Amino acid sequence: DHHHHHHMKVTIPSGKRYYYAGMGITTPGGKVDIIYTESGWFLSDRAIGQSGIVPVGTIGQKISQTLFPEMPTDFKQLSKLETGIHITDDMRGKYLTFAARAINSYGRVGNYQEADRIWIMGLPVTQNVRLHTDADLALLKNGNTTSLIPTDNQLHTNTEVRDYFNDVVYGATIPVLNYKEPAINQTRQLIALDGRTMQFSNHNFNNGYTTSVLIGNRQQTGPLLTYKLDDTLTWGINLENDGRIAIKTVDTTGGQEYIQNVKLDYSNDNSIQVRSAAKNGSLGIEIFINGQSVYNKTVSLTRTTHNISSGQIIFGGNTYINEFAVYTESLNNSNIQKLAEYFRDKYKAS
């Protein structure tokens, strides 16, 4: 007396490990290769059950304490068909999966076998994205093999971090940590530059730009975000330990002032968004902290004329960055608020 195991290949040919909403994406269809099968598409809840816990993104596969949704109890059936799924806004921050199960001669239903899972990015505004990095998707890299970052609250420099919008691997050394956050009873990741920088070149600051950043709930200091407008003119945001924010303009051919009435509470996460565009030969800059617009000033380009057509965006400091996006648009108020709401609720279960 013995038992045979029979095989199924369950895939999404050409499918990716993540997609954005708001971009007109429809996934490729699923495929099952084999007595009978039942297949379909499933979408996770926003609370992973036993007070459910919030799901967090990955493009890797299960050292790590991250909790991932379990099939089938943490999922709802989206389709009984195999054809591809049109991504909708309601799917953001959830896992989408194609799965199939075998049924035997006696009607007995096996366990679901999944294709590679799809994380639907939380980012609610995709128009004009130039760079997008979610620290939760960073992986550990040893040689050419990647794996999940261990939940040890240590800065690892053997990492792989991308601009996920264009699917480009960053070459800079980017330390990342993974830790269990008690406020959410779930892990998350933070880019921890520790004084290093991430330097992005060829940015035309005459045109509309928005840089949106979510920083973590730890004390931080240093030059979180700097715009190197040209070879001699620089504008930057500097964090202090007390939570005050210093804005500095340096013209090596400026000034320094604190944002008025602003004290970041590092007990919480905080979002900082900067929108800018040139007008009348000066660069106008507006800063939103947690969705409120605290600072709205202009930087003179003539006081000798500064050509800001090929500047740099530089992240730095002793900071903890959970997510950032750079847009080649000065986003309107509605979109600034959509981003602020997303950043506030990224780790809220529901």
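The first residue of the sequence shown is number 1, and the count goes up from there.
- Count the deposited residues lacking coordinates between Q50 and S51 and you get 1 to 3 of them.
- Per the record, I34 and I35 are separated by a gap of 10 or more residues from the deposited sequence that were not modelled.
- Relative to one another, 317 to 325 and 304 to 312 have unequal mean CA B-factors, and 304 to 312 is the one with the higher figure.
- Across the two stretches, 278 to 286 and 36 to 44, the PDB entry reports the greater mean Cα temperature factor for 278 to 286.
- Within the selection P124, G93, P182, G195, the deposited Cα B-factor values reach their highest point at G195.
- Each of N128, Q186, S147, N217 has a CA temperature factor in the record; the biggest one is found at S147.
- In this PDB entry, the Cα temperature factor of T26 sits in the bottom third of its chain's modelled residues, the lowest group.
- When the CA B factors of the chain's modelled residues are split into thirds, the value for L67 lands in the middle one.
- Annotation for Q292: CA B-factor lies in the middle third of the chain's modelled residues.
- When all modelled residues of the chain are sorted by CA temperature factor, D134 is found within the lowest third.
- Looking at the C-alpha B-factors along this chain, the one for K348 belongs to the lowest third.
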